[PDB]
Amino acid sequence: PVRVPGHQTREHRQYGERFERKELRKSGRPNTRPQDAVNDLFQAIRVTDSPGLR
RNA sequence: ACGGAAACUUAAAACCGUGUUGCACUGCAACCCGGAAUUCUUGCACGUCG
């Protein structure tokens, strides 16, 4: 299980960033990089916002 | 001392005067600046309480 290694605030929480583009962006077009906005596979489901209540 | 010997066919005079290369005539009739392209794909108002 991967950790959040670092002493300063710049490198405490940063492993939520560099791991979020490792096994999560695998759509794999032959002309675009994986590690950006296009090649995501987490764009599968499409959330609809909840209605208004009392 | 040859019907011989002398003599300019000569002087002047404007081929000039009147007269539009002119009058009628569309550079005109017909046409689309017209057809096919997602403003898009990654993203939690939250860490923080002796």
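Relevant structure appears above.
Overview of the structure.

### Comments concerning the overall build of chain A
Helix and strand content of chain A: 1 helix and 0 strands. Taking 2.2 N^0.38 as the reference for a compact globule, 54 residues should give roughly 10 Å; the C-alpha atoms of chain A span a radius of gyration of 16 Å, well beyond that estimate. Overall, chain A is about 45 × 45 × 20 Å in size when its C-alpha atoms are taken along their principal axes. Expressed as a percentage of its 54 residues, the buried residues of chain A come to 7%.

### Side note on the packing of aromatic side chains
Summed over the entire model, instances satisfying the criterion amount to 1 aromatic pair. Measuring from centroid to centroid gives 5.6 Å for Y15 and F19, while their planes differ by 15°, and the two rings are stacked. By relative accessible area, which is 26% here, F19 ends up partly exposed.

### What to know about the side chain of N39
Looking at the secondary structure, you find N39 in the segment after α1 (9–12). When its relative accessible area of 1% is taken as the criterion, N39 is described as buried. Excluding its chain neighbours within four sequence positions, the residues that come into contact with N39 are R25, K26, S27, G28, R29, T32, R33 and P34.

Reading the values: rules and limits
- Residues numbered from 1 in each chain as written, not as in the entry; some residues may be left out.
- Chains lettered and ligands numbered in written order.
- Part of a larger assembly, values for the part shown.
- Heavy atoms only, no water.
- Helix = DSSP H or I, 4+ residues; strand = E, 2+ residues; numbered from the N terminus.
- Rg over C-alpha atoms; globule rule 2.2 N^0.38 Å.
- Buried < 20%, exposed > 50% of the residue type's maximum accessible area, 1.4 Å probe, protein only.
- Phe/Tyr/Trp six-rings, centres within 6.5 Å; stacked < 30°, edge-to-face > 60°.
- Contact = heavy atoms within 4.5 Å.

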